[PDB]
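Protein chains in written order, with the authors' numbering: chain H, 10 to 148; chain G, 152 to 229; chain B, 10 to 148, 152 to 229; chain C, 10 to 148; chain A, 152 to 229; chain D, 152 to 229; chain E, 10 to 148, 152 to 229; chain F, 10 to 148; chain I, 152 to 229; chain J, 10 to 148. For reference, the structure discussed in these notes is given below.
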Amino acid sequence: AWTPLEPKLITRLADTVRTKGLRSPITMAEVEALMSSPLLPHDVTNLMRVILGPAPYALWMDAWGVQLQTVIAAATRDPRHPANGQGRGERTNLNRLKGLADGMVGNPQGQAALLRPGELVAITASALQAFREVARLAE
Amino acid sequence: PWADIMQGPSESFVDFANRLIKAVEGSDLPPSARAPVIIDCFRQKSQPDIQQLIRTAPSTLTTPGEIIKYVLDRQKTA
Amino acid sequence: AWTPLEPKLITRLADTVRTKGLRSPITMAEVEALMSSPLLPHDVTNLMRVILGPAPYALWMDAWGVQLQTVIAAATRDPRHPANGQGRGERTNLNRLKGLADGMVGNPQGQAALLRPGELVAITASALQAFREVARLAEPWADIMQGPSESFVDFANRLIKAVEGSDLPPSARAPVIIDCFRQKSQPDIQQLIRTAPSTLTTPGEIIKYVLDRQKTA
Amino acid sequence: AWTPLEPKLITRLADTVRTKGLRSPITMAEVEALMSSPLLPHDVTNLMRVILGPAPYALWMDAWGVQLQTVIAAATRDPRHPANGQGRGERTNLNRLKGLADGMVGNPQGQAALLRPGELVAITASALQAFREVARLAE
Amino acid sequence: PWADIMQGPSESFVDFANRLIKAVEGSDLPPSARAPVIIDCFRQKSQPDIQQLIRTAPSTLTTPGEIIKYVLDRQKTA
Amino acid sequence: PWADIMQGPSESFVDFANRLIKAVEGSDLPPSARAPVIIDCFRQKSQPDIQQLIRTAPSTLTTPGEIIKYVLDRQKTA
Amino acid sequence: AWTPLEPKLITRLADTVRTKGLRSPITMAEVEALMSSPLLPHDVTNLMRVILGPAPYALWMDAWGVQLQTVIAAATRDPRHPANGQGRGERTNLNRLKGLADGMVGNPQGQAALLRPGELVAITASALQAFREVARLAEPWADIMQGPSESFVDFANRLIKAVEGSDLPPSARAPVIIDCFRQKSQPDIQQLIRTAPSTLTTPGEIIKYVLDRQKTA
Amino acid sequence: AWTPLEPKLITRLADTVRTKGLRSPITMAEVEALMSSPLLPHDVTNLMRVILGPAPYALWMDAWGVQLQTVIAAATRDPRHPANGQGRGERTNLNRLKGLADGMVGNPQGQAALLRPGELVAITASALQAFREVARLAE
Amino acid sequence: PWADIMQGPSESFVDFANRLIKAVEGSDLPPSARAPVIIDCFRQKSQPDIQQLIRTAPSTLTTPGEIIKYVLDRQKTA
Amino acid sequence: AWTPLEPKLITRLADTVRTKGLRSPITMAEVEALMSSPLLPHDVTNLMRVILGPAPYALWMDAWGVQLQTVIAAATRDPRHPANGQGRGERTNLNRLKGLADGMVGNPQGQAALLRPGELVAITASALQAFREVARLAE
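Listed below in structure tokens is the structure:
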């Protein structure tokens, strides 16, 4: 069952990003805090939509896609990925990682249903690395 | 209106990109038509210094994020 | 049986040569078209008399004679020429090639009677090569610069035209065109080609790259 | 037996390209007209040599090669290509498509002898698509 | 009249040769006297630059076509 | 000191690369840390024209020799 | 038994490379001289370490690897390579060519023991080609003009140097040199070459003709 | 067995030609010195490539060809040439003199194998006369 | 004395050639040394206009008569 | 037996050439008059030495040599030349025509001894044509 993040925490994090900036160690610590439980693509996408401005959000979408593509290359380079399965029918496509696959587009409940925990942690680590890249790039 | 957005003579590029992406995504366009429109608005708006900077790109930029990164790298510091 | 070429086609070809010139690729294509069936010496001679002026016609007669002489040297160097025969009595003299032999002077019917198909195709190829020589002779790449106001496609057209219509070997045109794109083509495009993350190894690829990344103005 | 295209039609088409340009719908209609019967590589090559200038001709050679390479990739991806055969001995190489194979270089008669009708129509469609690309690129 | 034909100061050589050969072949001369007359008119008409170009020919030119080819090869591009 | 080496405004690139590789290999770094340091010093030193030349590399350069070859190919002749 | 190259010859070659550069014909001749006997990977590696600077040495390592890889592709394309054997157990791996195989790393004696003469000559030719590539890379013909005050032999020297030390095929240098003599080489010499009663079909003949008939000044 | 000339002697001769010029009697004496043993076409060709500039090298190639052609005319005028043999199968072609014959192109070892001593001395004398001509012509 | 003969600034070329050939043939030279001396005196005397006229001879002139004919053909009428 | 031409006639002809020029019809008639009997190379050579200036004499020597060479080409093209004989031992060399052969150099008596009448008339016609050429060339 999907539970959304508190809008109070999200508002506090957005104001933190607004006053301290993207690169302060306190901001990265707060992001790591709100990045503790494995989030669904819907959660991370809406979170970055709210806390980041338009241009940093575009940059972050780009960087997240690139990092997810590196993850999928490593996944096709190793059939023992915690997102993959043993047979070929469990291979994870980027539509399933970005939340674009069938039964997931716009629906967080179905998303949480079909996604694997390894998928969730890989998406989360990818999003964190992308946030770091964009923060280092913006300023 | 997205088609009326110009980069002011004194405005920075990240502010212009923010305003343009905001107005394009918060509009009546289909979701599959936002990225090409944002790119072609970066190319035709964004006063002729950045226009020529994007035009003379040895690589082909096929995403608003890539265009923003390229312009932020090679922009005229002033 | 001899059938003459249509004077309508000949008139159209003559006007083509008159407006486009001798060296245009459309003119050479039209000549190749009217040079499709093997022609008798009478046909080619009258054709060149009509389409060419007096001085180009003199030049063409000279060049045709020289090429036919080269053909006859190759023929005496190989008894298996499609114009020759196996015995010595079928050896082909230049009087038979130029239409000057006995029973042929001024008579196209007798010409078509005694001539061989190999003779006809050899005469035709010789006449085509002679036309090419005279066209190259009747009418400088290293002096071509891209003007300050000229576009790049016009400069590329002019340069490729002057390089391909010159005295260079066929295997030396592409490197010369590339190195002229790099050193001519005023320093904005020079730097645009210099800072190419990929290696461009063909004039078409250079043209495509420059057209993509050119400064719209 | 190979029959050449009329130089009168070719001259009219060249003047059409000269006055109207490469991208006008009348020019594309005229090209489609002269692209009606399946042409041999010799025919299309000489046609583009005559109607196009030097730089558009270079661009068109590039684009034609790329499109023919895509066709050959689809052909090795499906052994039922109208240019291919059933056995491996009928596989069509790019030397046979561009007219560079043995018994074809410079000779249109031999070309017409060895080429397949599927080969001809594939070459023709490839050349038409390449012309469209170059026309969209030149202006 | 063939004997009144001169190469103009600004005229090219192929035009002069065309005009001269036309006027000589369309005249009252015998057929066996046209080539020598055309040659000797190339040598004495055809203003002194081309006159000296034909005079200093290391080879002997014995045909109007050969003279035309030689002059077209070694002519002063201008 | 390797971390203080900059490419001078008038210095060529091969001299800068020679000086940098000399100072990096003749230093206290482990042997397995010289190539990444040389690459990242090529990218951040080597005044912004070559910086942008290396940045806009359609291929990924993963060796000092490859970076040197690429820069020598596409450098601004001056 | 392995014998090292003299450090005196190596010092002289290093100073030659230091003063004349990498691309001078004297330097390439000296390298060919010290590349006479088939060298072991150790010898060539140390030689290039000593005579080349750090950055040219990196470039040369890259180029040597690429050329050796081409050699190994040709070797797997032909089982009759003088480095290969008849059975599959003699196939030569790049670890054996670069001296990285077992029993060879750092030991020139063992290297000389296990290596084949065909292996040695292939390694040597590969290293020579790599040196040529790097020399051509470390340091434009179509931009060369004869200055208003420059003599013709200096212009010819500069032009032939820039054309032969370029990326053109070997069969395209003479026509390019001729056509550059004709279009460059300021209009006095241009007209001198144009009005040549003989046909000049070689750069040497053009140079001789121009030197004979040049305007002494 | 072929032995190359010392690059030290060649460097000294090149610097002599660079400082004294082509026509000084000391330079001609040095050339005669390095022209003592009969050289293979490879040796003389590389020697003139190194000691002479580009334009003098072109002139020297021309002059060497002309002198070798005179030698071959004298050889066909006398079947007792030290380069020729008694039968017609030993007649020496210019491809064998210039090093262009089969088994010689680029290979000095094979060159030294197939060449005659009379061939070598004729090539050497021809090259010396050509050097004299070019030196008299350059200045 | 033959080696002191110069073509005067106003003198024609046939007079200079007559004087030079007279002084060379009526001197103490061997008979086999007169033609080369006459040629080399035509080339070095005979004031620089004719010197350049002889220098730029597309053909090789190997006889005093041929040099005289060439110069008389291509001389500057004045 | 050789008889020299009168110096009075030669002086009158020289003054005629001096006043009327080389090309006047009276001068050519006078030359034809003094060219009536077949002259030996000595006679014609001295005659042209006396009547012509230095530069016209050089031109005339050139033209006479060229015309004699044409005559010798026609002679080797026809063994029935009045200067030639039937066997190969009577073939006439240019040394015999120009008076340079053995037993003739400087001696007019020996010249008249060994020369043929056909040789004399050929030399005379050649000299007359050369005089015509030089006269047409001088003015």
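We put the CB at the ideal spot given by N, CA and C, even for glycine.
Contacts that residue i makes with chain E (C-beta to C-beta distance below 7 angstroms)
{"i": "residue 16 of chain F", "result": "38, 39, 42"}
{"i": "residue 58 of chain F", "result": "34"}
Beta-carbon neighbours of residue i, restricted to chain G and to distances below 9 angstroms
{"i": "residue 226 of chain B", "result": "206, 207"}
Chain B contact residues for residue i, given Cβ-Cβ distances below 9 angstroms
{"i": "residue 211 of chain G", "result": "224, 225"}
Residue environment, residue i, which counts as buried when at least 16 other CB atoms sit within 10 Å
{"i": "residue 68 of chain J", "result": "buried"}
{"i": "residue 196 of chain B", "result": "buried"}
{"i": "residue 71 of chain F", "result": "buried"}
{"i": "residue 177 of chain A", "result": "exposed"}
{"i": "residue 73 of chain E", "result": "buried"}
{"i": "residue 18 of chain F", "result": "exposed"}
{"i": "residue 28 of chain F", "result": "exposed"}
{"i": "residue 36 of chain F", "result": "buried"}
{"i": "residue 105 of chain H", "result": "buried"}
{"i": "residue 153 of chain B", "result": "buried"}
Per-residue contacts from residue i into chain E (C-beta, under 8 angstroms)
{"i": "residue 146 of chain F", "result": "220, 223"}
{"i": "residue 20 of chain F", "result": "25, 35, 39"}
Within chain J, the residues that residue i reaches when beta carbons sit closer than 8 angstroms
{"i": "residue 168 of chain I", "result": "63, 64, 67"}
For residue i, the first and last residue of its enclosing alpha helix (DSSP H)
{"i": "residue 74 of chain E", "result": "63–85"}
{"i": "residue 51 of chain C", "result": "50–60"}
{"i": "residue 109 of chain B", "result": "No alpha helix (DSSP H) contains residue 109 of chain B, which DSSP labels as neither H nor E."}
{"i": "residue 126 of chain B", "result": "126–147"}
{"i": "residue 201 of chain I", "result": "199–206"}
{"i": "residue 37 of chain E", "result": "34–43"}
{"i": "residue 119 of chain E", "result": "117–123"}
{"i": "residue 173 of chain G", "result": "164–176"}
{"i": "residue 195 of chain D", "result": "185–195"}
DSSP state of residue i mapped onto helix, strand, coil
{"i": "residue 16 of chain C", "result": "helix"}
{"i": "residue 227 of chain B", "result": "coil"}
{"i": "residue 31 of chain H", "result": "coil"}
{"i": "residue 213 of chain D", "result": "coil"}
{"i": "residue 153 of chain D", "result": "helix"}
{"i": "residue 25 of chain E", "result": "helix"}
{"i": "residue 182 of chain E", "result": "helix"}
{"i": "residue 98 of chain B", "result": "helix"}
Contacts that residue i makes with chain G (C-beta to C-beta distance below 8 angstroms)
{"i": "residue 203 of chain D", "result": "224, 225"}
Under 7 angstroms from the C-beta of residue i: neighbouring residues of chain I
{"i": "residue 70 of chain J", "result": "216"}
Distance cut-off 8 angstroms: residue i Cβ against heavy atoms of the ligand NAP
{"i": "residue 117 of chain E", "result": "Although the ligand NAP was asked about, the structure shown includes no ligands whatsoever."}
Contact set between residue i and chain H, taken where Cβ atoms lie within less than 7 angstroms
{"i": "residue 188 of chain G", "result": "Those within 7 angstroms of residue 188 of chain G in chain H number zero; the least Cβ separation is about 13 angstroms."}
{"i": "residue 173 of chain G", "result": "63"}
Proximal residues of chain B, C-beta to C-beta of residue i below 8 angstroms
{"i": "residue 163 of chain E", "result": "Simply none; closest approach about 20 angstroms."}
{"i": "residue 55 of chain C", "result": "38"}
Beta-carbon neighbours of residue i, restricted to chain E and to distances below 9 angstroms
{"i": "residue 200 of chain B", "result": "Simply none; closest approach about 16 angstroms."}
Neighbour list for residue i in chain F, Cβ cutoff strictly below 8 angstroms
{"i": "residue 45 of chain E", "result": "13"}
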